Amino acid sequence: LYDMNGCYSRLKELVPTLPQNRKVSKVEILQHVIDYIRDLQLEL
Amino acid sequence: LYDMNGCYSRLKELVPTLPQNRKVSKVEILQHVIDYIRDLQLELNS
């Protein structure tokens with residue numbers, strides 16, 4: 001079970017479309033998360 | 001495209017394991033999101 005920062009760290013490790021080197025704001029993380037879930041749902 | 005509140009609204013719509021009959025906190029939403037992404041990736045591996 002994760003605090004808010006741990007949740008963001010976990011999402012960064014999970015979502016392969018996020019920048020490898022560039023700093024990511026919370027909102028940019030969540031935008032990538034949204035597009036990734038929608039992509040997985042469509043492919044499945 | 002979305003502000004922070006819009007992001008949470010969008011995740012409430014996309015994630016089917018979220019509770020549907022009560023208030024949910026941001027951390028609870030993100031924990032559900034994490035586990036859902038993981039389940040989708042595991043299904044992709046089969």
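Both backbone and side-chain heavy atoms feed into the values below; hydrogens, waters and symmetry mates do not. Chain A is the first sequence line, chain B the second, and so forth, proteins listed ahead of strands; every chain is numbered from 1.
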> Is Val15(A) linked to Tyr2(B) within one hydrophobic cluster, defined over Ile, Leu, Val, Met, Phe, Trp and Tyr using a side-chain heavy-atom separation of less than 4.5 Å?
Replying inline: no

> For the residue pair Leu18(B) and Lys12(B), what are the closest heavy atoms and their distance?
Replying inline: CD1-CA, 3.5 Å

Output side-chain donor-acceptor pairs under 3.5 Å for residues 31-44 of chain A, partner residues at least two apart or in another chain, one line each.
unit_1   : atom_1 : unit_2   : atom_2 : d
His32(A) : ND1    : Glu28(A) : O      : 2.9
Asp35(A) : OD1    : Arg38(A) : NH2    : 2.7
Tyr36(A) : OH     : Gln41(B) : NE2    : 2.9
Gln41(A) : NE2    : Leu14(B) : O      : 3.1
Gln41(A) : NE2    : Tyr36(B) : OH     : 2.8

> Between atom CD1 of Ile29(B) and atom NZ of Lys26(B), what is the distance when rounded to the nearest 0.5 Å?
Replying inline: 8.0 Å

>> To the closest 0.5 Å, what do you measure between CD (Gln20(B)) and OG1 (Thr17(B))?
In response: 8.5 Å

>> The criterion is side chain to side chain contact (heavy atoms under 4.5 Å, CB included); which residues satisfy it with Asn5(B), sequence neighbours excluded?
In response: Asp3(B), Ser9(B)

